[PDB]
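Listing of my_file.cif, mmCIF, C-alpha atoms
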data_coords
#
loop_
_atom_site.group_PDB
_atom_site.id
_atom_site.type_symbol
_atom_site.label_atom_id
_atom_site.label_comp_id
_atom_site.auth_asym_id
_atom_site.auth_seq_id
_atom_site.Cartn_x
_atom_site.Cartn_y
_atom_site.Cartn_z
ATOM 1 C CA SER A 1 154.121 45.849 -65.089
ATOM 2 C CA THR A 2 155.063 48.631 -62.634
ATOM 3 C CA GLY A 3 158.146 50.259 -61.067
ATOM 4 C CA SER A 4 158.737 52.206 -57.856
ATOM 5 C CA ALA A 5 161.888 54.020 -56.752
ATOM 6 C CA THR A 6 162.866 56.325 -53.903
ATOM 7 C CA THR A 7 164.351 59.703 -54.842
ATOM 8 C CA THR A 8 166.532 61.577 -52.338
ATOM 9 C CA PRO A 9 167.624 65.231 -52.185
ATOM 10 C CA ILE A 10 171.401 65.581 -52.810
ATOM 11 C CA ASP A 11 171.835 68.253 -50.110
ATOM 12 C CA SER A 12 170.082 70.223 -47.298
ATOM 13 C CA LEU A 13 168.610 72.719 -49.825
ATOM 14 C CA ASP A 14 166.886 70.166 -52.191
ATOM 15 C CA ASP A 15 169.078 71.491 -55.079
ATOM 16 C CA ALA A 16 168.459 68.216 -56.982
ATOM 17 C CA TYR A 17 167.040 64.697 -56.351
ATOM 18 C CA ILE A 18 168.860 61.437 -57.222
ATOM 19 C CA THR A 19 167.256 58.026 -57.836
ATOM 20 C CA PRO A 20 169.187 54.759 -58.139
ATOM 21 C CA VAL A 21 169.002 53.134 -61.563
ATOM 22 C CA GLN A 22 170.420 49.738 -62.579
ATOM 23 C CA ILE A 23 172.238 49.618 -65.946
ATOM 24 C CA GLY A 24 173.736 46.533 -67.581
ATOM 25 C CA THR A 25 174.196 42.849 -66.718
ATOM 26 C CA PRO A 26 175.346 42.290 -63.983
ATOM 27 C CA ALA A 27 173.734 45.492 -62.673
ATOM 28 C CA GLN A 28 175.753 48.681 -62.265
ATOM 29 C CA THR A 29 173.887 51.081 -59.962
ATOM 30 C CA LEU A 30 174.134 54.780 -60.763
ATOM 31 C CA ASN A 31 172.340 57.691 -59.093
ATOM 32 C CA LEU A 32 170.528 59.655 -61.766
ATOM 33 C CA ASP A 33 168.686 62.952 -61.775
ATOM 34 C CA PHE A 34 165.168 62.356 -63.160
ATOM 35 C CA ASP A 35 164.502 65.202 -65.549
ATOM 36 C CA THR A 36 161.070 65.913 -67.083
ATOM 37 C CA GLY A 37 162.672 68.918 -68.912
ATOM 38 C CA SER A 38 164.939 66.752 -71.132
ATOM 39 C CA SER A 39 164.873 63.500 -73.128
ATOM 40 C CA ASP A 40 168.336 61.996 -73.001
ATOM 41 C CA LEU A 41 169.520 59.273 -70.650
ATOM 42 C CA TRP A 42 173.207 60.098 -70.242
ATOM 43 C CA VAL A 43 175.745 58.796 -67.780
ATOM 44 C CA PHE A 44 179.364 59.409 -66.657
ATOM 45 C CA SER A 45 181.324 56.413 -68.018
ATOM 46 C CA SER A 46 184.744 54.731 -68.552
ATOM 47 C CA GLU A 47 184.977 57.021 -71.699
ATOM 48 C CA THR A 48 184.567 60.354 -69.830
ATOM 49 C CA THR A 49 187.783 62.504 -69.863
ATOM 50 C CA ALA A 50 189.571 61.552 -66.588
ATOM 51 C CA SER A 51 190.048 65.239 -65.560
ATOM 52 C CA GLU A 52 186.256 65.845 -65.827
ATOM 53 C CA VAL A 53 185.365 63.053 -63.306
ATOM 54 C CA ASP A 54 185.336 63.979 -59.596
ATOM 55 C CA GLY A 55 183.861 61.187 -57.425
ATOM 56 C CA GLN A 56 180.981 59.992 -59.670
ATOM 57 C CA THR A 57 180.173 56.304 -60.158
ATOM 58 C CA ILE A 58 180.880 55.482 -63.821
ATOM 59 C CA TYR A 59 179.111 53.105 -66.196
ATOM 60 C CA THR A 60 181.532 50.597 -67.773
ATOM 61 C CA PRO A 61 179.978 49.033 -70.894
ATOM 62 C CA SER A 62 182.922 46.599 -71.271
ATOM 63 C CA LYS A 63 181.804 44.858 -67.995
ATOM 64 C CA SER A 64 178.192 44.428 -69.205
ATOM 65 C CA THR A 65 177.250 41.297 -71.184
ATOM 66 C CA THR A 66 174.160 43.031 -72.671
ATOM 67 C CA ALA A 67 175.872 46.316 -73.781
ATOM 68 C CA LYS A 68 176.106 47.018 -77.527
ATOM 69 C CA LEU A 69 177.685 50.032 -79.242
ATOM 70 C CA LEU A 70 175.056 51.894 -81.324
ATOM 71 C CA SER A 71 177.438 52.242 -84.299
ATOM 72 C CA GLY A 72 177.849 55.788 -85.610
ATOM 73 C CA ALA A 73 175.384 57.407 -83.206
ATOM 74 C CA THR A 74 176.483 60.533 -81.354
ATOM 75 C CA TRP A 75 174.776 63.004 -78.995
ATOM 76 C CA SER A 76 175.367 66.573 -77.869
ATOM 77 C CA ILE A 77 173.174 68.463 -75.394
ATOM 78 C CA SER A 78 173.097 71.986 -73.882
ATOM 79 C CA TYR A 79 170.894 72.797 -70.862
ATOM 80 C CA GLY A 80 169.149 76.092 -69.930
ATOM 81 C CA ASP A 81 171.739 76.754 -67.203
ATOM 82 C CA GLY A 82 174.553 76.752 -69.820
ATOM 83 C CA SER A 83 175.834 73.276 -68.827
ATOM 84 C CA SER A 84 176.612 70.714 -71.563
ATOM 85 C CA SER A 85 177.644 67.106 -72.359
ATOM 86 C CA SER A 86 178.334 64.913 -75.423
ATOM 87 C CA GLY A 87 179.640 61.494 -76.464
ATOM 88 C CA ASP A 88 178.666 58.182 -78.013
ATOM 89 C CA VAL A 89 175.716 55.783 -77.577
ATOM 90 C CA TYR A 90 175.287 52.263 -76.282
ATOM 91 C CA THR A 91 172.144 50.114 -75.939
ATOM 92 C CA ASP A 92 171.773 48.137 -72.680
ATOM 93 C CA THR A 93 169.247 46.858 -70.150
ATOM 94 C CA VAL A 94 168.006 49.576 -67.763
ATOM 95 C CA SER A 95 165.792 48.994 -64.706
ATOM 96 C CA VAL A 96 164.119 51.536 -62.425
ATOM 97 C CA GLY A 97 162.619 50.184 -59.195
ATOM 98 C CA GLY A 98 162.004 46.724 -60.668
ATOM 99 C CA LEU A 99 160.779 47.989 -64.074
ATOM 100 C CA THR A 100 163.073 46.726 -66.848
ATOM 101 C CA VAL A 101 163.626 47.989 -70.415
ATOM 102 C CA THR A 102 165.878 46.013 -72.757
ATOM 103 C CA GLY A 103 167.691 47.906 -75.557
ATOM 104 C CA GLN A 104 167.481 51.353 -73.921
ATOM 105 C CA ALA A 105 169.839 53.927 -75.507
ATOM 106 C CA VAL A 106 172.442 54.850 -72.831
ATOM 107 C CA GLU A 107 174.346 57.972 -73.849
ATOM 108 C CA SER A 108 177.924 57.618 -72.657
ATOM 109 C CA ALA A 109 179.453 61.003 -71.828
ATOM 110 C CA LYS A 110 182.886 61.551 -73.365
ATOM 111 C CA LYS A 111 182.924 65.277 -72.328
ATOM 112 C CA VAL A 112 181.017 67.081 -69.522
ATOM 113 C CA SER A 113 181.011 70.788 -68.527
ATOM 114 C CA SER A 114 182.362 71.923 -65.080
ATOM 115 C CA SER A 115 178.837 72.086 -63.558
ATOM 116 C CA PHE A 116 178.392 68.296 -63.845
ATOM 117 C CA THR A 117 181.989 67.538 -62.655
ATOM 118 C CA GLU A 118 181.392 69.652 -59.478
ATOM 119 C CA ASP A 119 178.255 67.605 -58.525
ATOM 120 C CA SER A 120 179.896 64.371 -57.231
ATOM 121 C CA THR A 121 176.515 62.931 -56.120
ATOM 122 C CA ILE A 122 174.944 63.017 -59.629
ATOM 123 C CA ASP A 123 176.056 60.209 -62.028
ATOM 124 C CA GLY A 124 173.807 61.358 -64.880
ATOM 125 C CA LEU A 125 170.357 62.363 -66.071
ATOM 126 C CA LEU A 126 167.336 60.280 -66.978
ATOM 127 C CA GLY A 127 165.202 62.332 -69.375
ATOM 128 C CA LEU A 128 161.396 62.107 -69.104
ATOM 129 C CA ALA A 129 160.200 64.835 -71.556
ATOM 130 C CA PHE A 130 158.853 63.750 -75.090
ATOM 131 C CA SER A 131 161.225 61.725 -77.330
ATOM 132 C CA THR A 132 161.148 64.553 -79.944
ATOM 133 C CA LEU A 133 163.752 66.414 -77.787
ATOM 134 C CA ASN A 134 166.266 63.505 -77.813
ATOM 135 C CA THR A 135 169.655 64.634 -79.206
ATOM 136 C CA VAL A 136 170.879 61.319 -80.673
ATOM 137 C CA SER A 137 171.960 61.643 -84.304
ATOM 138 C CA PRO A 138 171.434 60.452 -87.007
ATOM 139 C CA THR A 139 168.783 58.186 -85.446
ATOM 140 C CA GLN A 140 166.681 59.820 -82.691
ATOM 141 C CA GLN A 141 166.165 57.597 -79.605
ATOM 142 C CA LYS A 142 163.223 57.004 -77.253
ATOM 143 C CA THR A 143 163.157 57.878 -73.541
ATOM 144 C CA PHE A 144 162.983 55.188 -70.809
ATOM 145 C CA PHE A 145 159.285 56.120 -70.265
ATOM 146 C CA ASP A 146 158.450 55.785 -73.986
ATOM 147 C CA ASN A 147 160.181 52.396 -74.218
ATOM 148 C CA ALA A 148 158.429 51.097 -71.044
ATOM 149 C CA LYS A 149 154.925 52.421 -72.022
ATOM 150 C CA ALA A 150 153.698 49.205 -73.701
ATOM 151 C CA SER A 151 154.685 47.092 -70.664
ATOM 152 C CA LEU A 152 153.116 49.455 -68.090
ATOM 153 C CA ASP A 153 149.708 48.720 -66.514
ATOM 154 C CA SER A 154 148.850 52.423 -67.126
ATOM 155 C CA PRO A 155 150.869 54.838 -69.375
ATOM 156 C CA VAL A 156 151.710 57.132 -66.452
ATOM 157 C CA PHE A 157 154.455 58.078 -64.029
ATOM 158 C CA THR A 158 154.111 60.047 -60.836
ATOM 159 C CA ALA A 159 156.467 62.417 -59.025
ATOM 160 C CA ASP A 160 156.054 62.734 -55.265
ATOM 161 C CA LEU A 161 159.013 64.926 -54.192
ATOM 162 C CA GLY A 162 159.777 65.561 -50.542
ATOM 163 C CA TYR A 163 160.618 68.772 -48.720
ATOM 164 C CA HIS A 164 164.092 68.107 -47.171
ATOM 165 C CA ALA A 165 163.130 64.433 -47.287
ATOM 166 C CA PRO A 166 163.045 61.499 -49.726
ATOM 167 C CA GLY A 167 160.171 60.959 -52.113
ATOM 168 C CA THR A 168 159.036 58.542 -54.778
ATOM 169 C CA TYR A 169 158.895 58.131 -58.537
ATOM 170 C CA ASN A 170 156.266 55.484 -59.538
ATOM 171 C CA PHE A 171 155.774 54.066 -63.021
ATOM 172 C CA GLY A 172 152.586 52.434 -64.321
ATOM 173 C CA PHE A 173 150.218 53.097 -61.403
ATOM 174 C CA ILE A 174 148.766 55.839 -59.194
ATOM 175 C CA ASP A 175 149.205 55.426 -55.439
ATOM 176 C CA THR A 176 145.819 56.556 -54.044
ATOM 177 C CA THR A 177 147.383 56.693 -50.523
ATOM 178 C CA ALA A 178 150.076 59.310 -51.489
ATOM 179 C CA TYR A 179 147.599 62.222 -51.885
ATOM 180 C CA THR A 180 144.560 63.841 -50.278
ATOM 181 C CA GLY A 181 141.335 64.956 -52.044
ATOM 182 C CA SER A 182 141.076 64.455 -55.797
ATOM 183 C CA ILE A 183 143.508 64.819 -58.697
ATOM 184 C CA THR A 184 142.831 67.759 -61.038
ATOM 185 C CA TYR A 185 143.940 66.988 -64.601
ATOM 186 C CA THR A 186 144.933 69.698 -67.102
ATOM 187 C CA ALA A 187 145.728 69.621 -70.835
ATOM 188 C CA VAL A 188 149.298 69.318 -72.057
ATOM 189 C CA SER A 189 150.742 70.743 -75.244
ATOM 190 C CA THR A 190 153.560 68.583 -76.680
ATOM 191 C CA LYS A 191 154.433 71.190 -79.430
ATOM 192 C CA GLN A 192 157.854 72.131 -77.925
ATOM 193 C CA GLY A 193 158.521 68.552 -76.604
ATOM 194 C CA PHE A 194 157.912 69.483 -72.940
ATOM 195 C CA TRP A 195 155.155 68.736 -70.396
ATOM 196 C CA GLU A 196 153.695 72.188 -71.175
ATOM 197 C CA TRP A 197 150.492 73.302 -69.464
ATOM 198 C CA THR A 198 148.505 76.412 -68.439
ATOM 199 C CA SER A 199 148.147 77.564 -64.839
ATOM 200 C CA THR A 200 144.923 79.500 -64.128
ATOM 201 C CA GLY A 201 146.414 82.069 -61.721
ATOM 202 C CA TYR A 202 148.128 82.822 -58.470
ATOM 203 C CA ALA A 203 147.853 84.333 -54.997
ATOM 204 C CA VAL A 204 150.569 85.740 -52.674
ATOM 205 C CA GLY A 205 150.132 84.738 -49.000
ATOM 206 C CA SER A 206 146.537 85.306 -47.869
ATOM 207 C CA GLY A 207 145.887 87.774 -50.751
ATOM 208 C CA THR A 208 143.115 87.406 -53.319
ATOM 209 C CA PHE A 209 143.587 84.998 -56.189
ATOM 210 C CA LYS A 210 144.275 86.651 -59.540
ATOM 211 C CA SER A 211 142.878 84.697 -62.499
ATOM 212 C CA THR A 212 145.408 84.970 -65.329
ATOM 213 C CA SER A 213 146.828 82.395 -67.742
ATOM 214 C CA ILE A 214 150.438 81.374 -67.123
ATOM 215 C CA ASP A 215 151.876 78.939 -69.671
ATOM 216 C CA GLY A 216 154.791 76.877 -68.349
ATOM 217 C CA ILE A 217 156.510 73.484 -68.125
ATOM 218 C CA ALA A 218 156.459 70.840 -65.308
ATOM 219 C CA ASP A 219 160.213 70.338 -64.882
ATOM 220 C CA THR A 220 161.654 68.032 -62.200
ATOM 221 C CA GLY A 221 165.197 68.873 -63.418
ATOM 222 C CA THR A 222 164.943 72.585 -62.453
ATOM 223 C CA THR A 223 165.299 73.476 -58.785
ATOM 224 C CA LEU A 224 163.425 76.794 -58.661
ATOM 225 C CA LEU A 225 160.089 78.257 -59.744
ATOM 226 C CA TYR A 226 160.560 80.706 -62.733
ATOM 227 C CA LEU A 227 157.553 82.960 -63.421
ATOM 228 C CA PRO A 228 156.846 86.246 -65.380
ATOM 229 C CA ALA A 229 158.383 89.440 -63.928
ATOM 230 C CA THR A 230 154.953 90.831 -63.006
ATOM 231 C CA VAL A 231 154.097 87.804 -60.770
ATOM 232 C CA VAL A 232 157.584 87.634 -59.211
ATOM 233 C CA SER A 233 157.649 91.393 -58.403
ATOM 234 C CA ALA A 234 154.166 91.070 -56.747
ATOM 235 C CA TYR A 235 155.491 88.208 -54.547
ATOM 236 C CA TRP A 236 158.782 89.854 -53.460
ATOM 237 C CA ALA A 237 157.120 93.251 -52.783
ATOM 238 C CA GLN A 238 155.475 91.492 -49.753
ATOM 239 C CA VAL A 239 158.867 90.631 -48.149
ATOM 240 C CA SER A 240 160.554 93.468 -46.240
ATOM 241 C CA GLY A 241 164.035 94.237 -47.601
ATOM 242 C CA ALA A 242 163.732 91.903 -50.615
ATOM 243 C CA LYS A 243 165.389 93.108 -53.814
ATOM 244 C CA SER A 244 166.695 91.904 -57.159
ATOM 245 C CA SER A 245 170.492 91.814 -57.129
ATOM 246 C CA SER A 246 172.660 91.894 -60.287
ATOM 247 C CA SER A 247 175.706 90.595 -58.320
ATOM 248 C CA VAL A 248 173.738 87.516 -57.196
ATOM 249 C CA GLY A 249 171.614 87.026 -60.315
ATOM 250 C CA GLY A 250 168.178 87.143 -58.708
ATOM 251 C CA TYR A 251 165.936 88.095 -55.824
ATOM 252 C CA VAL A 252 167.473 87.984 -52.353
ATOM 253 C CA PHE A 253 165.842 88.744 -49.004
ATOM 254 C CA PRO A 254 167.040 89.242 -45.388
ATOM 255 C CA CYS A 255 167.463 85.809 -43.749
ATOM 256 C CA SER A 256 165.487 87.152 -40.709
ATOM 257 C CA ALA A 257 162.295 87.727 -42.818
ATOM 258 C CA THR A 258 159.285 85.387 -42.866
ATOM 259 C CA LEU A 259 158.217 84.361 -46.403
ATOM 260 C CA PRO A 260 154.552 84.274 -47.436
ATOM 261 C CA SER A 261 153.150 81.242 -49.226
ATOM 262 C CA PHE A 262 152.538 81.196 -52.990
ATOM 263 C CA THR A 263 149.392 79.611 -54.486
ATOM 264 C CA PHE A 264 149.152 78.553 -58.166
ATOM 265 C CA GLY A 265 145.971 77.463 -59.976
ATOM 266 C CA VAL A 266 145.332 74.146 -61.770
ATOM 267 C CA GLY A 267 141.906 74.444 -63.468
ATOM 268 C CA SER A 268 139.579 75.247 -60.552
ATOM 269 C CA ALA A 269 141.962 73.726 -57.922
ATOM 270 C CA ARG A 270 144.687 75.566 -55.912
ATOM 271 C CA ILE A 271 148.145 74.285 -54.993
ATOM 272 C CA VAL A 272 149.734 76.050 -51.979
ATOM 273 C CA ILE A 273 153.530 76.265 -51.746
ATOM 274 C CA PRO A 274 154.491 76.985 -48.088
ATOM 275 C CA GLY A 275 156.801 79.969 -47.501
ATOM 276 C CA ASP A 276 159.548 77.655 -46.077
ATOM 277 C CA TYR A 277 159.884 75.954 -49.511
ATOM 278 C CA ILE A 278 160.867 79.353 -51.034
ATOM 279 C CA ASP A 279 163.856 79.851 -48.670
ATOM 280 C CA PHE A 280 167.106 78.716 -50.322
ATOM 281 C CA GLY A 281 169.382 79.895 -47.482
ATOM 282 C CA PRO A 282 172.355 82.243 -47.320
ATOM 283 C CA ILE A 283 173.884 83.341 -50.638
ATOM 284 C CA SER A 284 177.312 82.569 -49.068
ATOM 285 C CA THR A 285 178.131 80.898 -45.733
ATOM 286 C CA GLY A 286 177.601 83.276 -42.816
ATOM 287 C CA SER A 287 175.802 85.838 -45.028
ATOM 288 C CA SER A 288 172.651 87.508 -43.749
ATOM 289 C CA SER A 289 171.193 87.650 -47.334
ATOM 290 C CA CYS A 290 169.166 84.594 -48.376
ATOM 291 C CA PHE A 291 168.400 83.356 -51.908
ATOM 292 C CA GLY A 292 164.782 83.243 -53.134
ATOM 293 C CA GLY A 293 163.082 80.159 -54.570
ATOM 294 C CA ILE A 294 160.810 82.231 -56.883
ATOM 295 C CA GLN A 295 162.705 83.962 -59.672
ATOM 296 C CA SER A 296 161.928 85.775 -62.933
ATOM 297 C CA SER A 297 161.662 83.795 -66.175
ATOM 298 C CA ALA A 298 162.333 86.984 -68.280
ATOM 299 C CA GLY A 299 165.906 86.002 -69.182
ATOM 300 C CA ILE A 300 164.911 82.352 -69.999
ATOM 301 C CA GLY A 301 161.937 82.763 -72.341
ATOM 302 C CA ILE A 302 159.862 80.018 -70.696
ATOM 303 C CA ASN A 303 157.994 79.770 -67.373
ATOM 304 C CA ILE A 304 159.184 76.760 -65.333
ATOM 305 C CA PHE A 305 157.335 74.977 -62.579
ATOM 306 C CA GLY A 306 160.438 73.416 -61.013
ATOM 307 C CA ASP A 307 160.999 71.392 -57.806
ATOM 308 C CA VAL A 308 159.855 74.304 -55.577
ATOM 309 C CA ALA A 309 156.327 74.038 -57.079
ATOM 310 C CA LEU A 310 156.268 70.256 -57.781
ATOM 311 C CA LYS A 311 157.339 69.167 -54.277
ATOM 312 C CA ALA A 312 154.166 70.892 -52.887
ATOM 313 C CA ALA A 313 151.944 68.454 -54.875
ATOM 314 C CA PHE A 314 151.459 64.797 -55.946
ATOM 315 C CA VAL A 315 152.016 65.081 -59.713
ATOM 316 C CA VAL A 316 150.741 62.673 -62.399
ATOM 317 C CA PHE A 317 152.445 62.657 -65.816
ATOM 318 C CA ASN A 318 149.867 60.924 -68.045
ATOM 319 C CA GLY A 319 151.571 59.762 -71.260
ATOM 320 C CA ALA A 320 148.317 58.519 -72.841
ATOM 321 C CA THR A 321 147.544 59.408 -76.574
ATOM 322 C CA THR A 322 146.116 62.691 -75.281
ATOM 323 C CA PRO A 323 148.702 63.645 -72.607
ATOM 324 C CA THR A 324 147.624 65.362 -69.382
ATOM 325 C CA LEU A 325 149.170 66.519 -66.109
ATOM 326 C CA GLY A 326 147.419 65.783 -62.820
ATOM 327 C CA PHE A 327 147.921 67.695 -59.578
ATOM 328 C CA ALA A 328 146.770 66.791 -56.103
ATOM 329 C CA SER A 329 147.421 68.169 -52.634
ATOM 330 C CA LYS A 330 149.375 65.939 -50.179
#
Just give me the structure as structure tokens.
Amino acid sequence: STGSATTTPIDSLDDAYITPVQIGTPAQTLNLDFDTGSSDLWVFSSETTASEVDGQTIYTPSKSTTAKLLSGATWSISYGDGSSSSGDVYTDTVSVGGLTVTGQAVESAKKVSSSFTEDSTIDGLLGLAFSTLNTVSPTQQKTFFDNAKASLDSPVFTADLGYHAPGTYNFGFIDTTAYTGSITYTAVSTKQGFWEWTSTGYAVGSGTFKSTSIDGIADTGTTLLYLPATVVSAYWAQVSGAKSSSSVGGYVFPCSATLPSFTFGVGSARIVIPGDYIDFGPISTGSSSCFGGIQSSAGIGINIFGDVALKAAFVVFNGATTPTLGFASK
């Protein structure tokens, strides 16, 4: 079996992408953020503290004939940005673009931090990292991908994110019309529970490619590209007036400047991120200082190939016994 769903940016800056997901019987459609950097499927629900809900569509397990409370199970998660959520667990039927999983753990949020409450367009997260990161206690739960794996024609899912435009998440097949050239596959380490891989280098604009190993994670749930200070300083030194600002919390650049492209290596292949993808617009409305899409990973401890990098490629997440990541130009 296969599944195919359209994912749409939530705003004009591609801050996040939402994909409709059907939960329960009869279906309740919620717009979830597909996150390859986490492994919990959690939703805003009828149990979420009324003051922490601001416009989201909520899941109501009492209206679903297939919902079952997973007795005693609780969850609690904290994200890299400091945001957090917790609550209880239900099992229910979950379908993504025609692909159905029965008995999927659906983590009902009882409490959510301000960051989630503010984002009225996001009803929850659908985690696609390895099930070893799932926070359900005392019995760890599987991700939607892990549960669907046996039913899939191929144990893969693909991410084809758009630049200021909708894209697609496909499960169980590779659309040979969505990319150009060939797909370069690279080894994945599942040791930390992430889609962790090694980039073979980088180039800034039309500069020469520097071969150097950069370990990092393929993370659809992170907006920006976070790389070592050395790489980020080499990029921003090519933009007139660019600087790191403590007030803002990152590199900013004059909105009038033209940004060079950024190339990252995948084995012997090169992925080119156009300069336009690195522009995140004014730091405040009317400001002449614009926020950069390439930031330092020094304060995080892990390099992250977020949406800025991923949207420049057709990306294959191969969940076979020996996992791999595939990248192709598009």
Kindly indicate which residue among A:99, A:106, A:239, A:271 lies nearest to residue 68 of chain A, using all atoms listed in the file for the distances.
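Closest residue, counting all atoms listed in the file: A:106.
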Residue neighbourhood segment 171-182 of chain A, 9 Å, all atoms listed in the file, exclusion window fewer than 3 positions, as an MDAnalysis selection string:
chainID A and resid 1:5 96:97 99 145 148:149 151:158 160 313:314 316 327:330
Selection above as a file: C-alpha atoms, as a PDB file, in the coordinates of the input:
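That gives us part21.pdb:
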ATOM      1  CA  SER A   1     154.121  45.849 -65.089  1.00  0.00           C
ATOM      2  CA  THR A   2     155.063  48.631 -62.634  1.00  0.00           C
ATOM      3  CA  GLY A   3     158.146  50.259 -61.067  1.00  0.00           C
ATOM      4  CA  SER A   4     158.737  52.206 -57.856  1.00  0.00           C
ATOM      5  CA  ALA A   5     161.888  54.020 -56.752  1.00  0.00           C
ATOM      6  CA  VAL A  96     164.119  51.536 -62.425  1.00  0.00           C
ATOM      7  CA  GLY A  97     162.619  50.184 -59.195  1.00  0.00           C
ATOM      8  CA  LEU A  99     160.779  47.989 -64.074  1.00  0.00           C
ATOM      9  CA  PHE A 145     159.285  56.120 -70.265  1.00  0.00           C
ATOM     10  CA  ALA A 148     158.429  51.097 -71.044  1.00  0.00           C
ATOM     11  CA  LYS A 149     154.925  52.421 -72.022  1.00  0.00           C
ATOM     12  CA  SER A 151     154.685  47.092 -70.664  1.00  0.00           C
ATOM     13  CA  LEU A 152     153.116  49.455 -68.090  1.00  0.00           C
ATOM     14  CA  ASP A 153     149.708  48.720 -66.514  1.00  0.00           C
ATOM     15  CA  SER A 154     148.850  52.423 -67.126  1.00  0.00           C
ATOM     16  CA  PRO A 155     150.869  54.838 -69.375  1.00  0.00           C
ATOM     17  CA  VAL A 156     151.710  57.132 -66.452  1.00  0.00           C
ATOM     18  CA  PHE A 157     154.455  58.078 -64.029  1.00  0.00           C
ATOM     19  CA  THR A 158     154.111  60.047 -60.836  1.00  0.00           C
ATOM     20  CA  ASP A 160     156.054  62.734 -55.265  1.00  0.00           C
ATOM     21  CA  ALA A 313     151.944  68.454 -54.875  1.00  0.00           C
ATOM     22  CA  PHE A 314     151.459  64.797 -55.946  1.00  0.00           C
ATOM     23  CA  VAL A 316     150.741  62.673 -62.399  1.00  0.00           C
ATOM     24  CA  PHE A 327     147.921  67.695 -59.578  1.00  0.00           C
ATOM     25  CA  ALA A 328     146.770  66.791 -56.103  1.00  0.00           C
ATOM     26  CA  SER A 329     147.421  68.169 -52.634  1.00  0.00           C
ATOM     27  CA  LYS A 330     149.375  65.939 -50.179  1.00  0.00           C
TER      28      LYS A 330
END
What is the atom CA of residue 312 of chain A to atom CA of residue 220 of chain A distance in Å?
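Computing it gives 12.3 Å between the two atoms.
Counting from atom CA of residue 23 of chain A, the distance to atom CA of residue 221 of chain A is 20.7 Å.
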Residue among A:218, A:234, A:77, A:308 lying closest to residue 113 of chain A, counting all atoms listed in the file
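With all atoms listed in the file as the atom set, the closest residue is A:77.
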Expand the PyMOL selection byres ((chain A and resi 198) around 12) into the individual residues it matches in the shown file, reporting them as a ChimeraX atom specification.
/A:185-189,195-197,199-202,211-218,264-268,303-305,324-325
Resulting file, chosen residues, C-alpha atoms, as a CSV table (one decimal), in the coordinates of the input:
chain,number,residue,atom,x,y,z
A,185,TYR,CA,143.9,67.0,-64.6
A,186,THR,CA,144.9,69.7,-67.1
A,187,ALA,CA,145.7,69.6,-70.8
A,188,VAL,CA,149.3,69.3,-72.1
A,189,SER,CA,150.7,70.7,-75.2
A,195,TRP,CA,155.2,68.7,-70.4
A,196,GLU,CA,153.7,72.2,-71.2
A,197,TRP,CA,150.5,73.3,-69.5
A,199,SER,CA,148.1,77.6,-64.8
A,200,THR,CA,144.9,79.5,-64.1
A,201,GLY,CA,146.4,82.1,-61.7
A,202,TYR,CA,148.1,82.8,-58.5
A,211,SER,CA,142.9,84.7,-62.5
A,212,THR,CA,145.4,85.0,-65.3
A,213,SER,CA,146.8,82.4,-67.7
A,214,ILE,CA,150.4,81.4,-67.1
A,215,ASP,CA,151.9,78.9,-69.7
A,216,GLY,CA,154.8,76.9,-68.3
A,217,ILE,CA,156.5,73.5,-68.1
A,218,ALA,CA,156.5,70.8,-65.3
A,264,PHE,CA,149.2,78.6,-58.2
A,265,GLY,CA,146.0,77.5,-60.0
A,266,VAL,CA,145.3,74.1,-61.8
A,267,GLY,CA,141.9,74.4,-63.5
A,268,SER,CA,139.6,75.2,-60.6
A,303,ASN,CA,158.0,79.8,-67.4
A,304,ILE,CA,159.2,76.8,-65.3
A,305,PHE,CA,157.3,75.0,-62.6
A,324,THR,CA,147.6,65.4,-69.4
A,325,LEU,CA,149.2,66.5,-66.1
Of the listed residues A:52, A:62, A:27, A:315, that which approaches residue 93 of chain A most closely, counting all atoms listed in the file:
A:27
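The closest residue to residue 50 of chain A, picked from A:86, A:31, A:289, A:112 and counting all atoms listed in the file, is A:112.
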